[PDB]
Amino acid sequence: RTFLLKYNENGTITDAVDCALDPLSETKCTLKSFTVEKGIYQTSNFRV
Amino acid sequence: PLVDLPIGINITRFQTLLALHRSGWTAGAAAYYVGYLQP
Amino acid sequence: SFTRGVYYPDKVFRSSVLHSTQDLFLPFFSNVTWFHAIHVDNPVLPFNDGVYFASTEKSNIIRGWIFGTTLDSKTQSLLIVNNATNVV
Amino acid sequence: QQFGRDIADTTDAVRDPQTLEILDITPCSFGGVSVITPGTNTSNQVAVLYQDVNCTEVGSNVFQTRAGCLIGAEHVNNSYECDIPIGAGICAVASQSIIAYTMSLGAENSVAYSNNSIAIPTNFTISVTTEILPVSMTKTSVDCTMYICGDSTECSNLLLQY
Amino acid sequence: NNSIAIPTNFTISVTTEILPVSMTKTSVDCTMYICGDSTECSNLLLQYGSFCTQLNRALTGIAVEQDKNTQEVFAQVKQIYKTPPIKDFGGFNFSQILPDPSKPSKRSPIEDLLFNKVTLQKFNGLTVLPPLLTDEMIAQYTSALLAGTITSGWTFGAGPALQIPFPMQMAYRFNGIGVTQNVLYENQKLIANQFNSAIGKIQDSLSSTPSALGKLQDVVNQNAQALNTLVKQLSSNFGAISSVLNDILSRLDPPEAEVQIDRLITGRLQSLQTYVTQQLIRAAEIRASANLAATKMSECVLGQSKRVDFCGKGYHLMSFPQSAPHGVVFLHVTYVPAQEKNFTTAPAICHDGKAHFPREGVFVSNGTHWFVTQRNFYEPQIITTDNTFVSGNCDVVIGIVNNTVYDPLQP
Amino acid sequence: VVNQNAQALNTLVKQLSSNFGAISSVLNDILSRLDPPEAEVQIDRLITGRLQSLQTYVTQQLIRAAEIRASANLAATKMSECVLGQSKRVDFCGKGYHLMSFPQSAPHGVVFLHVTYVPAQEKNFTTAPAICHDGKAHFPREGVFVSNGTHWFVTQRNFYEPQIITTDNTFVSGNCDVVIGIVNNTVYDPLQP
Ligand SMILES: *[C@@H]1O[C@H](CO)[C@@H](O)[C@H](O)[C@H]1NC(C)=O
Ligand SMILES: *[C@@H]1O[C@H](CO)[C@@H](O)[C@H](O)[C@H]1NC(C)=O
Ligand SMILES: *[C@@H]1O[C@H](CO)[C@@H](O)[C@H](O)[C@H]1NC(C)=O
Ligand SMILES: *[C@@H]1O[C@H](CO)[C@@H](O)[C@H](O)[C@H]1NC(C)=O
Ligand SMILES: *[C@@H]1O[C@H](CO)[C@@H](O)[C@H](O)[C@H]1NC(C)=O
Ligand SMILES: *[C@@H]1O[C@H](CO)[C@@H](O)[C@H](O)[C@H]1NC(C)=O
Ligand SMILES: *[C@@H]1O[C@H](CO)[C@@H](O)[C@H](O)[C@H]1NC(C)=O
Ligand SMILES: *[C@@H]1O[C@H](CO)[C@@H](O)[C@H](O)[C@H]1NC(C)=O
Ligand SMILES: *[C@@H]1O[C@H](CO)[C@@H](O)[C@H](O)[C@H]1NC(C)=O
Ligand SMILES: *[C@@H]1O[C@H](CO)[C@@H](O)[C@H](O)[C@H]1NC(C)=O
Ligand SMILES: *[C@@H]1O[C@H](CO)[C@@H](O)[C@H](O)[C@H]1NC(C)=O
Ligand SMILES: *[C@@H]1O[C@H](CO)[C@@H](O)[C@H](O)[C@H]1NC(C)=O
Ligand SMILES: *[C@@H]1O[C@H](CO)[C@@H](O)[C@H](O)[C@H]1NC(C)=O
């Protein structure tokens, strides 16, 4: 799995986001930010 | 395109076949035209 | 030759489109060697890249064509004929 | 003919063997996936817009627009000023949920025009407007010999051929 | 040195200025376009870095910029202004530019003709995002701007829309171009007839002259040609054994097929990068055109511009915006001198030793008497103390003639 | 602009970590274990990819620099026509009639505070193009004729200040028989008293 890990100033991982968990997590992963602002974000491509 | 055949042999000479009308031969009045293809 | 000698370049189907392709084609308005069967005549011509054969007749004097390198029993030769039954 | 091609070099139709019929080949649906989000502070609830694709094929709230279909945002009829740009005149958060609506171009008003009537201001407001214009960017310099060929001579000799 | 030409008559001319505002919001998928539905090419493509993310972001940026361009050019009005149901504009006719209710799209005949004149697909990895503002919504914006300029003059651009009769607004614009308002009032029927005739002629010219919308057609053609070439480049080998990825993958083992797949991958990546660069440059040109269109809407439609030729040849009176596919057409209504007459001219009038200069306009002599007239229209008036100001004496001004300045107070 | 520049630089450095088809992204690491005949081709592939990435970054920077130059040219024109002077062009220096503007420095940019005048508290009035007096047509020299319903006044278009119709704020042209929509009123001659 792809994981976005938030390292604190001491190097301890304080938080993580699973890119495959939900579309909001994918949006956080694509923006590389734990917090996303209001707006549209293209994160993936649906291909049948 | 009406025929496509995998012959496999080179063709450097071409000859047409005509229907000879018996009277001693007298061929029918016809015109056959040859045009060479170019790239 | 006028505007004759154009053939479909491939089995590709195209609808309402202009397509440009480079193949062996008979040039437009080119000089074409024409012969009369009656003598008041089937000479052997070279093949080269390709041949465009036009026939204006009503009694089907032109029944077939012969292709080859030496045109004799010495070498393998291609023969298309119409014996009034089928093209062979 | 055995198969057909488009204006571009792509196959549009084929002559199906075993039946001798013509089958149109359409590139099967694909599209970008966009996520409508009001922001992590506002809500964790988000909607998924599948771009330029029908969604009769992949489901709680589905709204089909020219830009594809939105899932998870309800479509309301009353218009609002655009908050999130979606496309095709559609925009999307209200009542603790994400709503989809046609954009409202503004407050529709009719000026009372008359051939003998004029409106004249009896007062004024002195407003100040902030306009921000960038005038310059960071003066970044990159040295090719150091950047593509790191501290090695042989890569520099290969570079000199370029 | 003493001769002047004054226009005894004028004409109202409507000219179209057609400016592109946006391009088709195309979007390419680098992974699908370069490596088609195959994992093997995808693994190799991943070795090339973030090129596909950079290209996709660049195309997304141009698409957002196109939406911003359309919003900037058209959405300059806080409110949607509605034309009155009765077209009592003092004889001015706006039927050709006001939206037509009978048509099933609220578009005027002129913009409907523009849409009909310009003439314009599913690919692999290529999509066209629809514009954020629909054509109907853009037409509604143009109609609102047209209603605002028709009803409130330029006031709606400055702030609250203040109703003013269209003949009075035309008089203010005439005063703005240096012609006294009495000239329009004395010639209101003639000006309205000229305006209607020009409005009919401009629709006729748009309908009869091809390439009038060619600037808008050119950007659509350039975008389509770039897309067509990019799709055509999929069939280019780029030195590979075959253009189609499936054949080269099927007939060659992966240890040897990797170099052929690399040749195709690098060729397609280079082609996509070239297409993105061409689109970026074209988008910059379109943005410059859109910025010019937004400035022209702000200064020619929302206001009367004194910049020469900025809003059409001649003295600018007003402008009418019209929507068009990926563009805006400005109908500039301008005032042009029509009939010119020679007049003997003196810089000043010498009366009782004093030099008088015109407060406005110039002194003219038809050959027997002297008069004071506005420069842009021949309306001769007797020299008086209320239209001329005295400065210095007659021994400093060079080239002056003697005349009687009638003082209104004296009789 | 700052984010785009940082993002472009971040992509350019991140592009070094890409292999470009080489056995490894590190130039020395592939160089240390491969003989020059095959290391040369691996280095050539890495150089081709890195040089293409640098060329792309330079092209993106050039286009962004052109856009920044266009923004800077607009800012210079705004500084000249809004700050150094007063602009009559609408919306060039902010919504409303432009009175003045103030420049403020900002990191890689300038912020213009446009001080503008906006009409407010407007009122309806009965207007007339001209006033007929003694068989003569009078048009406002500056401003417009407005009636509050009992009297007529001359006022500047952008501010309501009623002034009695006189011969100094109006001018006479032609007769009352040619003006459409003319009305009848008295022009107070200052000489009359
Ligand atoms: C990091 O370590 C320092 C020790 O200097 C400690 O004071 C601080 O609380 C630690 N912070 C976190 C977030 O772990
Ligand atoms: C999308 O699905 C609807 C409902 O089945 C159908 O009417 C419409 O034609 C479809 N459109 C496309 C483009 O497939
Ligand atoms: C004009 O408006 C201001 C507030 O903007 C107010 O203080 C002032 O009294 C008003 N004047 C008139 C004449 O209404
Ligand atoms: C001015 O020109 C117009 C159009 O040419 C004409 O209809 C009108 O009669 C002219 N007026 C005068 C005063 O010459
Ligand atoms: C404006 O011109 C059109 C031309 O068809 C006409 O139908 C319409 O009645 C005119 N409007 C007025 C107010 O005369
Ligand atoms: C008078 O005007 C005409 C053009 O209308 C011009 O040809 C002629 O030279 C002028 N003559 C003088 C003396 O101004
Ligand atoms: C010039 O103007 C005077 C006064 O209006 C008039 O009497 C005279 O006939 C005019 N002469 C010519 C040559 O137009
Ligand atoms: C114009 O020049 C002529 C000589 O050609 C001279 O006699 C006359 O005084 C000049 N007039 C003015 C107004 O300068
Ligand atoms: C005007 O009058 C002055 C004296 O008042 C005289 O010297 C001059 O010659 C006169 N000029 C003309 C053109 O009549
Ligand atoms: C003027 O009157 C009309 C109708 O009586 C009204 O709609 C409009 O709001 C009024 N405007 C002002 C400024 O009083
Ligand atoms: C209109 O203004 C005049 C100014 O003297 C005043 O006498 C009159 O009462 C006003 N009428 C109304 C309806 O305000
Ligand atoms: C305005 O139109 C009305 C009829 O609608 C008419 O009675 C009036 O005289 C007109 N006034 C002007 C100034 O045109
Ligand atoms: C103005 O007065 C004239 C006669 O002096 C008259 O014919 C006309 O009808 C009057 N008009 C108005 C608007 O009262």
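The rules we used
Residues numbered from 1 in each chain as written, not as in the entry; some residues may be left out. Chains lettered and ligands numbered in written order. Part of a larger assembly, values for the part shown. Heavy atoms only, no water. Pairing = 2+ DSSP bridges. Helix = DSSP H or I, 4+ residues; strand = E, 2+ residues; numbered from the N terminus. Contact = heavy atoms within 4.5 Å. Patch = residues over 30% accessible without salt bridge, like charges linked within 9 Å, V, L, I, M, F, W, Y side chains within 5 Å. Areas by Shrake-Rupley, 256 points an atom, 1.4 Å probe, with all protein chains shown as cover. Salt bridge = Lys/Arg side-chain N within 4 Å of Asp/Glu carboxyl O. Axes fitted to C-alpha atoms, helices over the stretch in contact; angles between N-to-C directions. Parallel < 35°, antiparallel > 145°, perpendicular 65-115°, else oblique. Left-handed = near helix turned anticlockwise from the far one by under 90°. Nonpolar A, V, L, I, M, F, W, Y, C, P; charged D, E, K, R; others polar. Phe/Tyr/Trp six-rings, centres within 6.5 Å; stacked < 30°, edge-to-face > 60°. Buried < 20%, exposed > 50% of the residue type's maximum accessible area, 1.4 Å probe, protein only. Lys NZ or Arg CZ within 6 Å of the ring centre and 35° of its normal. Arc of directions from axis to C-beta. 1 Å grid on protein atoms, 1.4 Å probe; cavity = no way out; pocket = protein on both sides within 12 Å on 5 of 7 lines; lining within 4 Å. Points joined across faces, edges and corners; volume = space filled by probe spheres on them.

Method information in the entry identifies cryo-EM as the source of the structure, with 4.9 Å recorded as the resolution.

Undergrad: I'd like to hear about the sheet that holds strand β8 (residues 170-175) of chain F, residue by residue, with values.
TA: All names here are of chain F. Read across the sheet, four strands follow the order β8-β4-β3-β9 without closing on themselves; strand pairing throughout is mixed. Either end of the sheet is taken by a strand with one partner, and the two such strands are β8 and β9 (183-184). Relative to β8, strand β4 (residues 136-140) is paired through four bridges, and the arrangement is antiparallel. The partner of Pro140 across the bridge, within β8, is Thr170.

Undergrad: Explain the environment of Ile150(E) to me, using residue names and the numbers behind them.
TA: Relative to the helices and strands, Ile150(E) resides in helix α5 (residues 135-152). On a C-alpha basis, the gap between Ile150(E) and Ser211(E) in space is 29 Å, while along the polypeptide they are 61 residues apart.

Undergrad: Tell me about the arrangement of the chains, residues and numbers included.
TA: Separated throughout, chain A and chain B approach each other most closely at a C-alpha pair spaced 38 Å apart. With no contact between them, chain C and chain F keep their nearest C-alpha atoms 33 Å apart.

Undergrad: Any details on a nonpolar patch on the surface? Residues and values, ideally.
TA: Taken together, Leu2(B), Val3(B), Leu5(B), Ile7(B) and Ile9(B) make up a surface patch of nonpolar side chains, about 520 Å² in accessible area. Topologically, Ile7(B) is positioned in the segment before β1 (13-18).

Undergrad: Before we move on, can you summarise the packing of helix α3 (residues 51-74) of chain E against helix α12 (residues 254-301) of chain E with the specific residues and values?
TA: All names here are of chain E. One can describe the packing of α3 onto α12 by two numbers: an axis separation of 9 Å at closest approach and a directional angle of 15 degrees. With respect to α12, the element α3 is oriented roughly parallel. As for how α3 packs across α12, the hand of that crossing is left-handed. Grouping the constituent residues of the contact of α3 with α12 by class yields 19 nonpolar, five polar and four charged.

Undergrad: Break down the packing of aromatic side chains for me, citing the residues and quoting the values.
TA: For the coordinates displayed, the defined rule picks out 35 aromatic pairs over all chains. Summarising the aromatic geometry, the rings of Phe89(E) and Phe94(E) are spaced 5.2 Å apart at their centres and angled 75 degrees between planes, so their arrangement reads as edge-to-face. In this structure, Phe89(E) and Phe94(E) share a single accessibility class: buried. One cation-aromatic arrangement involves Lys296(E) over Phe310(E); the distance from NZ or CZ to the ring centre is 5.7 Å. The ring of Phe92(F) carries the charged tip of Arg89(F) above its face, separated from the ring centre by 3.6 Å.

Undergrad: Can you lay out helix α2 (residues 39-46) of chain E for me, pointing to particular residues and giving the numbers?
TA: Residues that lie three or four places apart on an α-helix share one face, since the helix turns once every 3.6 residues. Residues and elements named next belong to chain E. Those residues of α2 lying buried are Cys41, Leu44 and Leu45. End-on, the buried residues of α2 take up no more than an arc of 105 degrees, which puts them together on one face. Of the exposed residues in α2, the ones pointing more than 90 degrees away from its buried face are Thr39 and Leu46. Check the buried side of α2 and you find it contacts α1 (30-34), α3, α11 (245-251) and α12.

Undergrad: Can you lay out the environment of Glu72(E) for me, pointing to particular residues and giving the numbers?
TA: Residues and elements named next belong to chain E. Mapped onto the fold, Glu72 is located in helix α3. Under the relative-accessibility criterion, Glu72 is labelled partly exposed at 31%. The sequence separation of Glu72 and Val21 amounts to 51 residues, and the corresponding C-alpha distance is 9.3 Å. Among all residues touching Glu72, those that are not within four sequence positions of it are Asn291 and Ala294.

Undergrad: So, the environment of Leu55(E): which residues are in play, and what are the values?
TA: Residues and elements named next belong to chain E. Its place among the elements puts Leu55 in helix α3. C-alpha of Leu55 to C-alpha of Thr26: the two residues are 29 residues apart in sequence and 12 Å apart in space. If near-sequence neighbours (up to four positions away) are discounted, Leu55 is found in contact with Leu272, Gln273 and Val276.

Undergrad: Give me empty space enclosed by the protein: which residues, what numbers.
TA: Space inside the largest cavity adds up to approximately 170 Å³. What lines the largest cavity is a set of 17 residues, and nearest its centre among them are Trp154(E), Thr155(E), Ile164(E), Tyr172(E) and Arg157(F). If you list the elements that add at least two residues to the lining of the largest cavity, you get β13 (117-134) of chain D together with α7 (166-176) of chain E. Sorting elements by how many residues they give to the lining of the largest cavity places β13(D) first, with four residues. The class makeup of the residues in the lining of the largest cavity is ten nonpolar, six polar and one charged.

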